[PDB]
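# Tertiary structure, described
Each chain, letter by letter, is given below.
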Amino acid sequence: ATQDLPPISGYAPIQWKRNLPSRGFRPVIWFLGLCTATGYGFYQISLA
Amino acid sequence: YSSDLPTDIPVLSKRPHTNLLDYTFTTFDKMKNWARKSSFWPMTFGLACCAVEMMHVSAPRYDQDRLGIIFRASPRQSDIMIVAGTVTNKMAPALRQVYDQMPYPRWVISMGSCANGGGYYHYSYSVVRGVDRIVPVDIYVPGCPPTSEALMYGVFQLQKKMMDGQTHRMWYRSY
Amino acid sequence: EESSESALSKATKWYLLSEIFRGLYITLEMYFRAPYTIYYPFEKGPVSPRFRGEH
Amino acid sequence: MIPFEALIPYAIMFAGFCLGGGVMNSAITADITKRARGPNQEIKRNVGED
Amino acid sequence: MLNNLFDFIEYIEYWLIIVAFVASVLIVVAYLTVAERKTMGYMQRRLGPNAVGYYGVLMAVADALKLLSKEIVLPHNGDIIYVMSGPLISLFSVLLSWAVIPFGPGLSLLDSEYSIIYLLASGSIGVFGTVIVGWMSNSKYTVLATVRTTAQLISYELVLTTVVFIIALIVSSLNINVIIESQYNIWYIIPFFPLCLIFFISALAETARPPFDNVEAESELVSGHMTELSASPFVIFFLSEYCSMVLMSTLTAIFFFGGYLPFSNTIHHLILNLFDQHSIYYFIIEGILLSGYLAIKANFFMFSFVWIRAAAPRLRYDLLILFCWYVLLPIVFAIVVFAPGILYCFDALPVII
Amino acid sequence: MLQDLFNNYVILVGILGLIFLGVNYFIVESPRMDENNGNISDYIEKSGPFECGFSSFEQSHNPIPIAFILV
Amino acid sequence: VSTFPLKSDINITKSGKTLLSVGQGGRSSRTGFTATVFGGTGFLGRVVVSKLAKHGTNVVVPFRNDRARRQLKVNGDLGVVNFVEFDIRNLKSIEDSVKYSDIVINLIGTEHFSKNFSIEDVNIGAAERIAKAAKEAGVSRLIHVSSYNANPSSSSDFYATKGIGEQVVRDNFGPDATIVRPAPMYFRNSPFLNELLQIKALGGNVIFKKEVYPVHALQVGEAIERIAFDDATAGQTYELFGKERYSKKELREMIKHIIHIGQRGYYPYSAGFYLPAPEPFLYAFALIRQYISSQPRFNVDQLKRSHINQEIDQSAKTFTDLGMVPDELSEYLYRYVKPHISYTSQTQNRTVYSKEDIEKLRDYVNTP
Amino acid sequence: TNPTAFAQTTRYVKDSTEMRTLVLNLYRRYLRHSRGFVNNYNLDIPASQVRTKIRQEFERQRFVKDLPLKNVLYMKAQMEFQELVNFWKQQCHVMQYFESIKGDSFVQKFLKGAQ
Amino acid sequence: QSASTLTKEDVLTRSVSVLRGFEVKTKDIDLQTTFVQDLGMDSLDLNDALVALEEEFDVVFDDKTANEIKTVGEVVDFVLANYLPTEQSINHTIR
Amino acid sequence: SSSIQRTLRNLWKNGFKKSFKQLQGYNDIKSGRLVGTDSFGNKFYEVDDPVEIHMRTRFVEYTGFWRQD
Ligand SMILES: NC(=O)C1=CN([C@@H]2O[C@H](COP(=O)(O)OP(=O)(O)OC[C@H]3O[C@@H](n4cnc5c(N)ncnc54)[C@H](OP(=O)(O)O)[C@@H]3O)[C@@H](O)[C@H]2O)C=CC1
Ligand SMILES: CCCCCCCCCCCC(=O)OC[C@H](COP(=O)(O)OCC[N+](C)(C)C)OC(=O)CCCCCCCCCCC
Ligand SMILES: CCCCCCCCCCCC(=O)OC[C@H](COP(=O)(O)OCC[N+](C)(C)C)OC(=O)CCCCCCCCCCC
Ligand SMILES: CCCCCCCCCCCC(=O)OC[C@H](COP(=O)(O)OCC[N+](C)(C)C)OC(=O)CCCCCCCCCCC
Ligand code: SF4
């Protein structure tokens, strides 16, 4: 009122803990995709 | 050996463009002046707290790179020397050597009270009372520290001075 | 012998640079965000009545 | 939010490749075709009605 | 006139083609410097150059012209050999490498069955230009960069050369234009995704770009071999380094993304069907499309060159030496055996047609 | 395979490199138009090596141990 | 320099003003004098401005090159060194430079003529206008610097115009004008030494045969400081020269051994350290570059001066009248040619040439 | 932590005879490095003038009698020696060190102001 | 290659020449000539001569030897016993 | 804020002459409601566009075309 003070109920809570969730498929899926791409790529190379 | 010097020929800074060669060399100067004003490359020479405000000019809020301003670590690749901090007697010989290693054309900016006149440490036994005692200063930026906008204003003043250079028209008219 | 992840799983992340592409993706996100730059001298930063400048 | 000002230099670089490709593909092809018309300059340059 | 002019142009026509070719490469290199600053700026939430020419389109001109109007620092005027021999060798090496880059089918200045060898050989000469600057130099920071420069060459040269040889082995040809045409049905990114990553890593090492920017680490060796350079010697070295960035970005598009081949065959036919093949306008558009396909793929990797700089810290050069010899070399040598085994197994050994 | 076009490009590249040096030598204003500190061959404070401000020992021709010599 | 230049703390000018000096004679001290140094951005000008401003004397520096005047302000404290943009063809600009000055030093002079100024305009016209403007401003002292071989009847344009310049200055300003005739001056970046230090000196057989009496530039600036602050020097002519006579060929060869160009026997001849050319060819080349080259080259008049040796006017005064002993070139030769040494770089051992070492090297040069 | 080059351990010598030897040992080290001082700092004087200067400075404290003063004088001389040999001083300082230069009568000081 | 080539007479001859460049009392110098008495050298004058002799023969007197040497002959003996040629680069020897 | 649509809206609101002057000094095309003018002649505007960032809601239009102070 005659000063700078927080509200009666106080401020809402904030986020300060670490928030870095993992993303993407499992590593095995990426490995299979690499092998699938290599297999199909050599197939088209062989045809040519 | 008779010499008849005209008496009322205006000086270069006041001399208007009369013939075709005046516009030619003025075009030559403006192309160079625009290039040097646009490619404003200071040298990374942060000494004290004045350097922190110099870093915030490169901060995203002001982004000195948007004006073509890039800080170079070597005096060879820089044409602007920004003295941002206190110059001590132990540091003064190093400052002079670095200044001499900058190829011409070169300009010096004195930022903050330390570089201008010593500021808080004017009456100190180990502080130079102004960087102008060692190197010629083209513009003085006041403040302790000068704000990021204060430094940018000083750079704008220097760029205004650079755009008024008449190096090649001076050769045509004054030499 | 006490690793939680298999050798193939640890090799897939290592060979395919799992965390490097994660770092690249975060940097690309900022490329599609609004910058912070203001256009001095056409625009000015915030000032307060307590600010100290020319006397 | 796509910043179009950042893409301006890439558009000019894109035009840089197109300048080389457009000139080389057309000028070289035209020169070969022109010289295949005949042994004299009156046939290489002048195009007949028939 | 007229008759004497309409054959004079024919006499000088091919010089205009080369001059246009030189301008085409220079424009991309000139605006790569502007693009890199603009790209990093927005990633760093700044703007990048926008106040030198309308929206920053003259930023490259100002940087070049200002440096061309700078004093050349040397012990004596006659010492113009020492500070210019290095940059000139580096610049000539990368400019000559562009001769074998085809913007379209047969649209390369130099066509030869050994274009791959000429490409690698010409690039290796550019390394000699960098080490020339450290010619018993009195500058300690220049000397340290030369030692690091040699160390980086030992890292990427074996890895980069062998990866290119695998692509040549797959096509059984050392001609760049033949390699491009061999990717009509499949782009080599799919069968050789590990090699494309390895090639890009070697390209970063070759150009001394971050995270392999140990030669010109500002926080380690102020400016590296360029700490004593100013005015034209700095420009030529700066031009040569960025010319390599464009060249390596274009090479990545050629070896793994089909070069100038269209993204979609159907779209390519539709656009060209709007033009008559009996008029020169078809071949003007055709050159724009084919080079436009190359430009889009090349601009992506030039974007990626900037992208990795703004996302990864610098790696120590001694760590880079162990990285290439312990990891990259065994992998690439494994593939150079794996690939012929696959091709022979399915009776698909490559021939040139 | 004809390489006359390639030869012209190589000739232009060699000439192009000299243009950059020639332009820079003919564009810069003379020292007298600048602060007139004289020729660079006399300005020893400028032509000297860069050592971050402080002059140190001159070790131009000292041996440099190399830890990756075997590599 | 010393610690206090004035002989007394109170000085009365020729115009009647009383000037009091304050301080011990440092940067913050003052002498009460205001001086105008025409051509203060030149070679000798920087030495003169440095000596005057370092003791507190106010210096007004007319200038035409904006970048060249910046380094002059470092010499003095705040408000000591002042700049006025001027041109010798603008009368108002010159009158503003001398309005508040008690001393005017005219260092304006040239050996070449350009598209805008002739030798007469600078050596005679500029000197006359400055001298006449100084008198109308009531300047107590005027100091004019002519050349060493100033002679109005000389066959060289430079020497003749310098000789006429001495007479035209005394007529305008009056009998109270002091004239200085300095010999070729040696110093850092000195024009007299720059020609000798040039590796590719075309026509060295014709040009480097001139014999002179080189004098230290620091002493010439010191002498001007003595003359300006001593009213007993008014109306006199001073010939500033060294005791030892030297020929440019002796200096050229002595320098060649100091620079160690001869470490490789083939190099001096291959690098072009000797360029023998006929004088008619040098005249043609000098004549051509007088209208093609945009920078002042070796011109026609300097070719004439190579055949004229420095002759000393015995009637004029010397360093002895000013209470000074001329410095010997042998003492200061090494420190001014040191920047041009090829390698040095403390590799094995620096070869420091002392006063005795230089004199011995002179004997070696003349030894066949 | 390893001490820098030419660093000595500070010690208080309680014997006058031992102190004399230490000064003599340090005196020879200055003379032996005189040529190194000329080369490193690029002086305009030969090494012979440097040795004369070194002798003059040493002779200024020849007749010092108090042992506690000798230890401080010797310690500072060792610090000065280390500073010069390690090229820690800038070349300007050494040039001014050798740039050190009948007094004026009563009237001459009186006419100018004196002190 | 790396071996001393000095002789007692040559070392003594050059030792006398160095000592005659100073303000010694007597120009007659032999092996038995003492620095303190015959040459009239004080503390600093003696050390100046010793360092000057070091420069001629490219040797360095140790602290104990320099603080106890009395005659010129002891200087000659020290030079003969301790002098070595400075090691050259690899190119000087094998080429 | 860096979108091309924002530039097109400001280009239409300002017009050719107003936007070209901004393209010479401002390095940005901006539009806003006029707030007032000072004695020197400068014009001051406030931006109601919701896509403008915190510190960029007020700007000045200087009298000069080539130089701003
Ligand atoms: N060895 C020597 O140098 C000798 C010197 N002299 C004379 O001493 C005087 C000092 O010259 P110095 O310093 O030694 O070498 P400089 O010849 O370089 O000095 C010439 C000075 O006069 C100025 N000057 C020349 N022409 C003009 C002009 N039209 N308008 C304005 N200023 C002009 C120059 O100004 P700016 O630099 O801005 O162009 C410069 O400051 C000269 O008059 C010279 O003739 C004579 C004998 C020996
Ligand atoms: C060929 C080599 C490579 C290309 C190099 C190009 C460099 C860029 C040019 C520098 C820009 C610059 O300097 O323009 C900045 C200057 C402003 O100068 P100021 O000092 O701010 O004001 C002083 C000027 N007054 C007093 C008039 C305000 O604009 C001008 O006066 C532009 C007007 C001139 C005419 C323009 C149109 C004529 C055609 C021009 C194109 C052929
Ligand atoms: C398709 C060609 C382009 C992309 C090629 C590279 C992709 C990543 C390869 C390794 C993935 C891996 O190893 O996956 C594993 C990791 C981490 O998952 P984790 O720790 O196991 O999660 C824990 C277990 N969960 C799954 C149950 C939660 O995933 C990633 O970090 C995926 C990265 C996605 C962001 C970047 C994608 C776009 C890249 C930029 C555009 C070129
Ligand atoms: C068979 C499939 C072949 C796959 C081909 C690709 C292989 C790539 C290399 C994998 C190994 C590796 O990155 O190794 C990491 C090495 C060495 O690490 P280390 O010392 O061994 O420690 C790690 C091992 N630990 C955990 C057991 C101790 O250093 C580095 O951080 C190198 C970083 C290079 C980053 C370049 C990215 C540029 C952008 C590319 C995306 C456009
Ligand atoms: S002037 Fe103030 S802010 Fe700047 S360095 Fe000195 S104390 Fe720090």
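Use the structure listed above.
Residues numbered from 1 in each chain as written, not as in the entry; some residues may be left out. Chains lettered and ligands numbered in written order. Part of a larger assembly, values for the part shown. Heavy atoms only, no water.

## Some thoughts on the overall build of chain A
The helix and strand tally for chain A stands at one helix and zero strands. When the accessible area of chain A is evaluated, it comes to approximately 4700 Å², of which 61% is carbon and sulfur surface. (Helix = DSSP H or I, 4+ residues; strand = E, 2+ residues; numbered from the N terminus. Areas by Shrake-Rupley, 256 points an atom, 1.4 Å probe, with all protein chains shown as cover.)

## Remarks on a negative patch on the surface
A cluster of like negative charges, contributed by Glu356(G), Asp357(G), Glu359(G) and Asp363(G), occupies part of the molecular surface. Within the fold, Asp357(G) resides in helix α13 (residues 355-366). (Patch = residues over 30% accessible without salt bridge, like charges linked within 9 Å, V, L, I, M, F, W, Y side chains within 5 Å. Salt bridge = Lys/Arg side-chain N within 4 Å of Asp/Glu carboxyl O. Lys, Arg positive; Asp, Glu negative; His and termini not counted. Charge placed at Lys NZ, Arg CZ, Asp CG, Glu CD.)

## Here's the deal with the pattern of salt bridges
Summed over all chains, the structure comprises 78 salt bridges over all chains. Linking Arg56(J) and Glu43(C) is a salt bridge whose minimum nitrogen-to-oxygen distance equals 3.2 Å. Taken together, the positions of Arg56(J) in the loop between β2 (43-46) and β3 (58-61) and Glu43(C) in the segment after α2 (18-31) put the pair across two chains. In this structure, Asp31(D) engages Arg35(D) in a salt bridge whose closest nitrogen and oxygen atoms are separated by 3.7 Å.

## Things to note about the site of ligand 3
Every one of the 13 residues lining ligand 3 counts as a neighbour, but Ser22(A), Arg23(A), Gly24(A), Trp30(A) and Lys13(C) are closest to it. Residues lining ligand 3 come from chains A, C and E. In this structure, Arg23(A) approaches ligand 3 through a main-chain N or O atom, which is 3.2 Å from an oxygen atom. Note that an oxygen atom of ligand 3 is positioned 3.0 Å from one of the side-chain N or O atoms of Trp30(A). Relative to its free-state accessible area of 940 Å², ligand 3 is covered by the protein chains to the extent of 64%. Considered class by class, the residues forming the shell around ligand 3 number eight nonpolar, three polar and two charged. (Near = heavy atom within 4 Å. Polar contact = N/O pair within 3.5 Å; in protein donor to acceptor, adjacent residues only side chain to side chain. Nonpolar A, V, L, I, M, F, W, Y, C, P; charged D, E, K, R; others polar.)

## Side note on the interface of chain A and chain E
As a measure of interface size, the accessible area lost when the parts come together is often cited. Taken together, the contact pairs nine residues of chain A with 15 residues of chain E. Regarding the contact of chain A and chain E, the summed buried area is about 980 Å², with carbon and sulfur atoms giving 79% of it. When the buried surface of chain A facing chain E is broken down by residue, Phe42(A), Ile45(A) and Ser46(A) rank first, second and third, together holding 53% of it. For the pair chain A and chain E, the interface holds zero salt bridges. The interface formed by chain A and chain E holds one residue pair in polar contact in total. Broken down by class, the residue content of the side of chain A that touches chain E amounts to five nonpolar, four polar and no charged. (Contact = heavy atoms within 4.5 Å. Buried area = accessible area lost by both parts, 1.4 Å probe.)

## Remarks on the site of ligand 2
In the vicinity of ligand 2, the contacting residues are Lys30(B), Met31(B), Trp34(B), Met163(B), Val61(E), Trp66(J) and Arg67(J). Around ligand 2 the close residues trace back to chains B, E and J. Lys30(B) is positioned with one of its side-chain polar atoms (N or O) 2.8 Å from an oxygen atom of ligand 2. One of the side-chain N or O atoms of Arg67(J) is found 2.3 Å from an oxygen atom in ligand 2. Taking 1000 Å² as the accessible area of ligand 2 by itself, protein coverage stands at 37%. Ranked by residues supplied to the shell around ligand 2, first place goes to helix α1 (residues 20-38) of chain B with three residues. Here the shell around ligand 2 is built from residues that sort into five nonpolar, no polar and two charged.

## Examining the packing of aromatic side chains
One pair of aromatic rings is described through two measures. These are the centre distance and the angle between the planes. Throughout the structure, instances matching the rule amount to 72 aromatic pairs over all chains. Ring geometry for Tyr31(C) against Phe32(C): centres 5.1 Å apart, planes inclined by 85°, an arrangement best described as edge-to-face. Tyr31(C) sits in the buried class, given a relative accessible area of 3%. An angle of 70° between the planes, with centres 5.3 Å apart, marks the rings of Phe42(C) and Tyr62(J) as edge-to-face. Placement of the pair is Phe42(C) in the segment after α2 and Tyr62(J) in the segment after β3, with the two residues belonging to separate chains. As far as burial versus exposure is concerned, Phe42(C) and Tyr62(J) are alike and both buried. Put simply, the rings of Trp187(E), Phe200(E), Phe257(E), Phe263(E), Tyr293(E), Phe300(E), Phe301(E) and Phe305(E) pair up and form one aromatic cluster. In this structure, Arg106(B) is placed above the aromatic ring of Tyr99(B), and the distance from its NZ or CZ to the ring centre is 4.3 Å. The ring of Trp171(B) is capped by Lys115(G), whose NZ or CZ atom sits 3.7 Å from the centre of that ring. (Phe/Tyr/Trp six-rings, centres within 6.5 Å; stacked < 30°, edge-to-face > 60°. Buried < 20%, exposed > 50% of the residue type's maximum accessible area, 1.4 Å probe, protein only. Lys NZ or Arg CZ within 6 Å of the ring centre and 35° of its normal.)

## Considerations on the interface of chain F and chain E
On the chain E side, the residues contacting the 37 residues of chain F number 51 residues. At the boundary of chain F with chain E, total buried surface from both sides reaches about 4100 Å², with 73% on carbon and sulfur atoms. The largest contributions to the chain F side of the interface with chain E come from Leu5(F), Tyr9(F) and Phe68(F), which together make up 17% of the buried area. The interface formed by chain F and chain E holds one salt bridge in total. Viewed at the interface, chain E and chain F are joined by twelve residue pairs in polar contact. With 16 residues, the single largest contributor to the side of chain F that touches chain E is helix α1 (residues 4-27) of chain F. Here the residues of the side of chain F that touches chain E sort into 22 nonpolar, twelve polar and three charged.

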